[PDB]
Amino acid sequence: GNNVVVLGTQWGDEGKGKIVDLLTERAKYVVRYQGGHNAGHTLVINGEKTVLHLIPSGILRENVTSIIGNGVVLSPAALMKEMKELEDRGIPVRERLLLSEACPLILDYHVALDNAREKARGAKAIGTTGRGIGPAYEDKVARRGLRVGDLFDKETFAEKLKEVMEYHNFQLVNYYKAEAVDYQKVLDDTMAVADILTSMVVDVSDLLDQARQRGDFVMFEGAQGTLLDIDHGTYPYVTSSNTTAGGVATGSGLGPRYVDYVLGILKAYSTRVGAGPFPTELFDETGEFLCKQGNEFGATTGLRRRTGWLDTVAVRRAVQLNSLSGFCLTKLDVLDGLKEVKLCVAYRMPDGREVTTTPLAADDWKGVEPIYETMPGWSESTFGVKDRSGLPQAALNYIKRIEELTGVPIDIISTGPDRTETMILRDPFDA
């Protein structure tokens, strides 16, 4: 299919960055359609690590035009920081990166707010990445936030910014009893970059409609994961954007009927950073194992990540929410050396009922317990293996079992962090 969507089917960090980088070889465009720099994508090419947050993961391929879709909450400071870093490394970002004038801006007060709220919640704290994602989205929805296109008139921008800031400042000092955020500091930091920012603007919907009508290969890059969806995730322990395939058309402006294949990234084992339900969470040795081997620590905040077994029930919600076309089994190489692996196939609800469907809001997950299927592990190494043949049968069964349990084929299997450490069984672009 021409328009391919790559997204996380769990709670982020499944490995979208690598896969997006990999798959963009044949792509004309790559589009981020939601989130901001809370995202953390690690690309590894012949050993060279590149960590992207706000910039689309297709930025390393000169044949691809990376787009920041209107859905993205964009931090000028964050963009500048990343651009500079890639530029020093030979990546002419400004030559490859375009962006929507409709993108809301993440300015300092947003982080001020993000921190304050987080504080206020005390114990039942969400565990947000500390960027100002939440407030930026709130300001969008409230229709008071600033967007890229607001920089088209700096004086008017100073007017709007003065307003929005006094408004937020009042809340910060009087209610939160927190320090105000200096309006002039913000206006200044902003105006300095404004010109660079404005230079990358393009009418994204139209560009995408044109690309679409030409047949251009376009990849949409997801941020965060399905279960962190503001609507469909473990609310309120979620991110503030729709991480489900529906955000592509809303955050890019491309009509929904033009999505061709939805590729869902699947970690082979589960992780979460932030508070919230997690039935298959492990707190034992194997958990520790899964964490160490997988080097599970957030690419955007370091914070160790919670680990647990893959959960076909949660994965199955992801399948329906996103119209999955196929999966990209990632980190299989991490299971190597376990005596046995297991998949959560059903949930035992607190009233005794057994169910193969997930609850929605966090409180409804309160006391659910996982009912497992236990498969034999494999001692052979699968790291770097690039052909099914190189995988032991135990691994092949685990893979088939996931397919059986989900009804979606594993078209791509990843066995290490490096771009080429992958098995492309079915390339979504031909699919």
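The first residue of the sequence shown is number 1, and the count goes up from there.
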Between 194-202 and 166-174 (mean CA B-factor, as deposited), the higher: 166-174
Comparing 87-95 with 239-247, the one whose average Cα B-factor in the PDB entry is higher: 87-95
Residue of maximum C-alpha B factor among 286, 320, 357, 234, per deposited coordinates: 286
Candidate residues 179, 139, 229, 311, the one whose C-alpha B factor the record puts highest: 179
Cα B factor band for residue 32 (lowest, middle or highest third within the chain): lowest
B-factor third for the C-alpha atom of residue 389 within its chain: highest
Within-chain third of residue 375 by Cα B-factor, per the entry: highest
Third of chain Cα B-factors occupied by residue 127: middle
Cα B factor band for residue 331 (lowest, middle or highest third within the chain): middle
